[PDB]
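This document opens with one chain alone, in structure tokens, the form solved without the partner chain.
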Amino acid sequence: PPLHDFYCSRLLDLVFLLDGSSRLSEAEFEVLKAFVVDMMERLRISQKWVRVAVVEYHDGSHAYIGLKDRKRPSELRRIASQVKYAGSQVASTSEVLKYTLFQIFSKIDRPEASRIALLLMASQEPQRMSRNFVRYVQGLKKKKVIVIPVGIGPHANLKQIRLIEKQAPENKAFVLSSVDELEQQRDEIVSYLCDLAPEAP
């Protein structure tokens, strides 16, 4: 059914990772942010509840929002909309999974919660950059960080998606036809993510 009254109130560290390659257009990237913010207003943001991070990843990653930013939610969504279209020739899934592993989850800020890397991808990084890919995926598995591949478009690295799935059982993936189908699964996605978090005592 369609979600009518949804407001994820659980203990969750949620990280948004946005493919910055030219595989997506300006507007197609604008829709991606639409999907993001639309999902943000469905979450209880608080340092004691649902924390969120936002990262655009090209050949290198720019973090618009950190988990500990401790700003106001109404602006956290503001930032997410002002995310610039990079259209780079390279969106390194390895590098960003690296960044997430060593930068975001270097320390465990809150053991009691669940961590989720929402990998919104639509491209294939150069093959030579995939060297230590599994390494990063597994490194996250050990730090108890779920990874959720979102396959947008015909160029979404199918191999890496399945490769990620294999690593961890709770590494379910969503394979979409385009940025269009993104909205059509807002409920099913947001639900899965939220329902994977522990509701506080």
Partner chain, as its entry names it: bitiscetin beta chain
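Only residues modelled in both forms are compared. Positions refer to the first chain, counted from 1. What we label the rigid core is the largest C-alpha set whose atoms superpose within 1.5 Å from one form to the other.
Higher mean CA temperature factor, per the PDB entry, when comparing 23 to 31 with 140 to 148: 23 to 31. Relative to one another, 128 to 136 and 152 to 160 have unequal mean CA B-factors, and 152 to 160 is the one with the higher figure. Note on 108, 104, 116, 119: the highest value goes to 108, judged by CA B factor as recorded.
Out of 123, 82, 100, 94, the entry records its largest CA B-factor for 82.
Placement of the Cα temperature factor of residue 171 within the chain: lowest third of the modelled residues, per the deposited record.
Separately, the form solved in complex with the partner chain exists; it is not shown, and the next lines address it.
At the 4.5 Å threshold, heavy atoms of residue 175 reach the partner chain in the deposited complex.
At the 4.5 Å threshold, heavy atoms of residue 165 reach the partner chain in the deposited complex.
At the 4.5 Å threshold, heavy atoms of residue 161 reach the partner chain in the deposited complex.
Among heavy atoms of residue 185, some come within 4.5 Å of the partner chain in the deposited complex. Relative to the superposed core, just one shifted segment between the shown form and the other one, defined as three or more consecutive residues with every Cα moved by 2 Å or more, spans 1 to 5.
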